[PDB]
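These are the residues of each chain, in order.
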Amino acid sequence: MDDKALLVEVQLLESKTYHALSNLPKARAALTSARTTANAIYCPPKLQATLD
Amino acid sequence: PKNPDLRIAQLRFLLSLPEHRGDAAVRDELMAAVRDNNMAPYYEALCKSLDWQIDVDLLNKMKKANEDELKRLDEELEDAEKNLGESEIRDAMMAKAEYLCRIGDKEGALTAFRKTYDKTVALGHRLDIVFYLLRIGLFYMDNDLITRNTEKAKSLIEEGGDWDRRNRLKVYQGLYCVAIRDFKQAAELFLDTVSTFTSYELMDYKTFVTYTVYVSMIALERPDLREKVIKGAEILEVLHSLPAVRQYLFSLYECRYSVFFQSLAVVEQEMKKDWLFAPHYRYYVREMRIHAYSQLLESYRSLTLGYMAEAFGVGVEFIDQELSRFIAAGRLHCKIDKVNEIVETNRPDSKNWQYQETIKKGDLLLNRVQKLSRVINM
Amino acid sequence: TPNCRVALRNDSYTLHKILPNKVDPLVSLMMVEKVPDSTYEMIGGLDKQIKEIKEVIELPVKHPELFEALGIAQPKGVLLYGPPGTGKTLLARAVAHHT
Amino acid sequence: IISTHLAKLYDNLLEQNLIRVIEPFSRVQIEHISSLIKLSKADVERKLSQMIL
Amino acid sequence: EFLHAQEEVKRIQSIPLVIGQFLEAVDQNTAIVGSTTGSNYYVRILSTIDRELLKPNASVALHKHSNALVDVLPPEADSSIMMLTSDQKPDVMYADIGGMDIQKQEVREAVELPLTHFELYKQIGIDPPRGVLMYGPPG
Amino acid sequence: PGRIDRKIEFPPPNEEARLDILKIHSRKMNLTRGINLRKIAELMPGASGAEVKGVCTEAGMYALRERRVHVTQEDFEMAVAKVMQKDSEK
């Protein structure tokens with residue numbers, strides 16, 4: 001689909017579930033895919049600091 | 001083709017020299033003898049290797065039809081000169097000289113590679129040709145003539161880095177630059193480990209890393225070798241895969257001196273069934289014993305070998321005869337003691353060592369200007 | 001020589017001595033005759049244009065006698081055009097090696 | 001991760017202790033420094049050996 | 001007497017000196033200078049001047065009448081413009097700028113960083129940049 | 001007449017063209033293998049060959065901020081998104 005706001009959330013949550021289940025570089029890559037996707041949301045007033 | 005041709009010369013390097021170890025050797029030499037159209041080097045083993053199979057008629061027809069597949073077009077070319085270009089065309093010897101190295105021998109390689117050398121004057125043509133002289137330089141292992149064309153490609157073909165002939169500047173730090181001068185050409189020239197992947201001609205990476213970790217811990221003792229082997233990340237993944245690499249690394253740095261004989265013998269047991277079977281530890285073990293000792297005798301200037309009976313290994317008499325070998329022939333700077341049971345060390349001072357060094361170089365330059373004073377002036 | 005420095009008197013404006021040329025500014029910035037290498041036919045996606053260059057540059061060089069027999073002049077100037085950076089530079093770099 | 005973040009802070013804190021309680025002298029016997037660290041002296045010999053090396 | 005001879009040459013300076021700039025040298029002890037009087041000459045030089053001071057196109061001193069090379073100046077003399085002198089920092093702190101964290105960090109590594117980590121460029125093959133350009137809407 | 005001659009047109013490139021242009025302008029680098037360059041070429045629908053050269057600089061720039069002489073796939077995948085963002089004006 002085209003969606004942007006929810007896709008930042010599910011990549012951020014998958015960045016948890018490999019670090020919580022002990023996988024660094026896959027969680028590092030899934031973090032970075034959420035970084036470049038969050039460059040298109042005009043109002044992340046709470047999701048910014050959640051990502052931060 | 002020629003990129004999996006690394007295996008055949010290495011397995012041929014493996015077979016005959018262990019005389020007792022020849023059961024599984026002949027079980028896959030038959031894969032290397034009659035398959036892959038491999039022709040020469042076992043007929044020269046006719047009085048070297050075993051009795052034989054009938055390898056004569058089945059393969060002399062297979063060398064013939066495959067030569068007759070090739071020998072017609074190579075010697076004639078004349079085909080696209082019908083439309084009169086340069087009275088020649090460039091499709092003949094640059095495309096079939098590779099068979100003249102793979103299945104054809106070095107004689108068919110040497111006359112073809114120099115024939116296509118003066119054909120095209122590009123470095124990109126001189127790229128692949130010189131690298132074939134060097135790959136066959138491992139094949140028939142004529143390891144003196146192919147020491148030349150490396151430097152002849154270091155001079156003219158090497159103009160830089162910047163991914164290039166760096167493809168086979170993976171012919172400039174594990175075939176020719178560090179062999180039997182090896183104290184520091186493993187040291188200075190192994191600084192880069194910078195890639196991971198196994199492409200279709202990168203057939204050896206993971207076992208290649210087991211080389212460059214067994215030669216890693218050699219260059220520098222502790223002026224931060226520990227970052228490039230433990231804090232390094234691409235080396236971290238393979239020790240996460242391989243425990244024999246990991247435990248042997250983490251024995252040495254973490255100072256588990258007792259498990260060294262375990263961790264050396266596991267390396268030694270790996271060195272029992274390896275192809276390298278002519279000239280061996282031109283660095284390793286009882287230098288790695290003195291590498292273990294140089295860090296152990298450091299920080300302790302009054303040591304007892306009763307403490308050596310459990311911290312490093314057993315055999316109180318075995319350590320005692322071991323250090324008698326090492327001290328007495330100019331290594332391992334210390335002074336062992338009898339029935340007080342002391343291992344005492346002595347060190348040069350910050351000036352006694354340099355006064356010993358300036359007296360050596362001063363005599364060499366004085367002897368030098370002795371001679372040049374009298375060559376001139378009668 | 002023309003365009004050459006000289007030493008000149010301040011009173012009688014007489015020549016004393018030919019001063020040397022400092023550099024030759026054309027021949028200091030003489031354009032490089034660097035090695036004609038190709039990256040080969042593997043510029044695919046341009047092969048129609050590659051066939052045009054062979055039939056206008058290589059075919060005069062390789063086959064003079066087709067022009068000598070038929071009696072037609074060989075070309076000497078080819079114009080390339082398009083958007084910049086689409087291989088205006090790097091294609092004629094390659095063709096000079098193929099010949 | 002309380003595992004890594006404490007232990008690297010813990011193994012930092014040993015020589016943070018040791019630089020003070022070794023400072024006043026030049027030559028000590030090691031059973032006193034095992035007492036001032038309040039620990040067995042076996043790992044202290046291994047920890048101090050890591051410091052000089 | 002040769003060291004008495006060097007000192008007695010030194011009356012030739014005496015400070016009514018004019019300033020040119022060194023251009024080129026022909027041979028032993030004869031050169032070309034470009035004066036600040038607009039024209040261009042062919043002069044003689046003293047045997048006293050140490051020859052290590054030459055070719056930055058150095059600022060040089062010349063005689064008035066006879067117009068020879070007499071002295072080599074400090075090289076920063078004929079500049080006619082100065083740097084940020086001693087105290088004219090315009091009183092803008094680094095944290096005074098609000099919210100330019102991409103571009104503040106980018107320019108800061110564009111200037112200060114290749115002073116230290118120069119060879120990391122060549123090992124990658126970056127060929128580090130000489131200059132930087134800035135642009136945008138006015139303000 | 002006589003002096004110069006036939007003219008040859010150059011179209012905008014394609015996927016197989018930009019992939020070859022990628023391999024030629026990323027040739028003089030110190031890069032790391034284990035990467036899909038064909039995905040990188042197919043993330044660009046209408047990029048020019050000169051824009052490809054700007055990507056290889058930014059990938060080397062992202063390699064510099066890693067303090068690595070490796071050049072990974074993560075560097076290109078952000079650099080393609082950056083240069084096409086710079087190409088987002090018409």
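Residues numbered from 1 in each chain as written, not as in the entry; some residues may be left out. Chains lettered and ligands numbered in written order. Part of a larger assembly, values for the part shown. Heavy atoms only, no water. Residues with missing side-chain atoms left out of burial classes, pairs and counts.

Bringing the overall build of chain A into the picture now. A tally of helices and strands in chain A yields 3 helices and 0 strands. Along chain A, from the amino end to the carboxyl end, the secondary structure elements read α-α-α. Expected size for 52 residues packed as a compact globule is a radius of gyration near 10 Å; at 11 Å, chain A falls within 12% of this value. Expressed along its principal axes, the backbone C-alpha trace of chain A runs to roughly 35 × 25 × 15 Å. The burial tally for chain A puts 17% of its 52 residues in the buried class. (Helix = DSSP H or I, 4+ residues; strand = E, 2+ residues; numbered from the N terminus. Rg over C-alpha atoms; globule rule 2.2 N^0.38 Å. Buried < 20%, exposed > 50% of the residue type's maximum accessible area, 1.4 Å probe, protein only.)

Listed by partner, the interface residues are 5 residues for chain C and 4 residues for chain E. Both faces considered, chain C and chain E share a buried interface measuring about 350 Å² in area, 59% of it formed by carbon and sulfur atoms. For the pair chain C and chain E, the number of links is 1 salt bridge. For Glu24(E), the salt bridge is made with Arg5(C), and the minimal N-O distance between the two is 3.8 Å. Summed over the shared surface of chain C and chain E, the number is 1 residue pair in polar contact. In terms of residue class, the side of chain C that touches chain E is made up of 2 nonpolar, no polar and 3 charged. (Contact = heavy atoms within 4.5 Å. Buried area = accessible area lost by both parts, 1.4 Å probe. Salt bridge = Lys/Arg side-chain N within 4 Å of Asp/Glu carboxyl O. Polar contact = N/O pair within 3.5 Å; in protein donor to acceptor, adjacent residues only side chain to side chain. Nonpolar A, V, L, I, M, F, W, Y, C, P; charged D, E, K, R; others polar.)

For the rest of this paragraph, the subject is the nonpolar core. All names here are of chain B. Counting 39 residues, the largest nonpolar core has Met217 and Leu332 as the members making the most contacts within it. Taken together, the elements giving at least two residues each to this core come down to helix 10 (206-214), helix 11 (226-231), helix 12 (234-241), helix 13 (243-252), helix 14 (260-270), helix 15 (285-297) and helix 17 (316-327). For this core, the leading source of residues is helix 15, giving 7 residues. For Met217, the residues in contact, after removing those within four places along its chain, are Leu225, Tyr248, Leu249, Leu252, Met288 and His291. (Core = buried A, V, L, I, M, F, W, Y, C linked by side-chain atoms within 4.5 Å.)

The feature "domain: PCI", as given by UniProt, occupies residues 182-350 of chain B in the numbering adopted here. Segment residues 182-350 of chain B splits into 43% helix and 4% strand. End C-alpha atoms: 29 Å apart. (UniProt positions renumbered as here; feature names shortened; annotations may be inferred.)

Oppositely charged side chains can form a pair if their charged atoms are brought close together. Within this structure, the stated rule accounts for 23 salt bridges over all chains. For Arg102(B), the salt bridge goes to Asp36(B), with nearest N and O atoms at 2.5 Å. Linking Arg102(B) in helix 6 (residues 99-102) with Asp36(B) in the loop between helix 2 (23-33) and helix 3 (57-60), this pair joins segments that are 66 residues apart in sequence. Each of the salt bridges in this network shares a partner with another, and the network as a whole consists of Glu86(B), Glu88(B), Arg90(B) and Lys62(C).

In this section: the sheet that holds strand 3 (residues 343-344) of chain B. All names here are of chain B. Taken together, 3 strands build an open sheet; the order of strands is 1-3-2 and the sheet is antiparallel. Looking at strand neighbours, the two that pair on one side only are strand 1 (302-303) and strand 2 (335-336), the edges of this open sheet. Relative to strand 3, strand 1 is paired through 2 bridges, and the arrangement is antiparallel. Residue pairing in the sheet places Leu303 in a bridge with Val343 of strand 3. (Pairing = 2+ DSSP bridges.)

Bringing unusual backbone geometry into the picture now. The phi angle at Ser22(A) is positive, at roughly 60 degrees, despite the residue not being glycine. Relative to the elements of secondary structure, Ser22(A) occurs in the loop between helix 1 (5-19) and helix 2 (24-37). The phi dihedral of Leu332(B) is positive, around 60 degrees, even though this residue is not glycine. Structurally, the position occupied by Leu332(B) is in the loop between helix 17 and strand 2.

Our next topic: helix 1 (residues 2-22) of chain D. At 3.6 residues per turn, the α-helix brings residues three or four places apart onto the same side. All names here are of chain D. An ideal rise of 1.5 Å per residue puts 30 Å on 21 residues; helix 1 measures up with 30 Å between its terminal C-alpha atoms. Along helix 1, the residues classified as buried are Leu14, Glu15 and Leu18. Seen from one end, helix 1 has its buried residues packed into an arc of 75 degrees, which puts them on one side. More than 90 degrees from the buried face of helix 1, the exposed residues found are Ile2, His5, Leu6, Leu9, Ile19 and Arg20. Where helix 1 is buried, its residues meet helix 3 (42-52). (Expected span 1.5 Å × (residues − 1). Arc of directions from axis to C-beta.)

Okay, the interface of chain F and chain C next. With 18 residues of chain F in contact, the opposing surface of chain C contributes 22 residues. Sorting the residues of the side of chain F that touches chain C by element identifies strand 1 (7-9), helix 1 (15-25) and helix 3 (49-65) of chain F as the ones contributing at least two each. Examining the composition of the side of chain F that touches chain C, we find that 5 residues originate from one element, helix 1 of chain F, more than from any other. Here the side of chain F that touches chain C is built from residues that sort into 8 nonpolar, 3 polar and 7 charged. For strand 3 (residues 79-81) of chain C and strand 1 of chain F, the ladder comprises 3 bridges, and the chain directions are parallel. If you follow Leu80(C) over to strand 1 of chain F, its bridge partner there is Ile8(F).

With that settled, the discussion passes to the packing of aromatic side chains. With the rule as written, the count across this model stands at 12 aromatic pairs over all chains. Taking 6.0 Å as the distance between ring centres and 45 degrees as the angle between the ring planes, the aromatic pair formed by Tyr293(B) and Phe326(B) counts as tilted. Of this pair, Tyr293(B) sits in helix 15 while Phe326(B) is found in helix 17, placing the two residues 33 residues apart along the sequence. Residue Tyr293(B) shares its accessibility class with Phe326(B), and that shared class is buried. Members of the aromatic cluster, joined through ring pairs, are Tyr257(B), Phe260(B), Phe261(B), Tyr293(B), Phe312(B) and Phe326(B). Positioned above the aromatic ring of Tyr94(E) is the side chain of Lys104(E), whose terminal nitrogen or guanidinium carbon lies 4.1 Å from the ring centre. Above the ring of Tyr94(E), the side-chain terminus of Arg108(E) is found at 4.8 Å from the ring centroid. (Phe/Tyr/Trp six-rings, centres within 6.5 Å; stacked < 30°, edge-to-face > 60°. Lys NZ or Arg CZ within 6 Å of the ring centre and 35° of its normal.)

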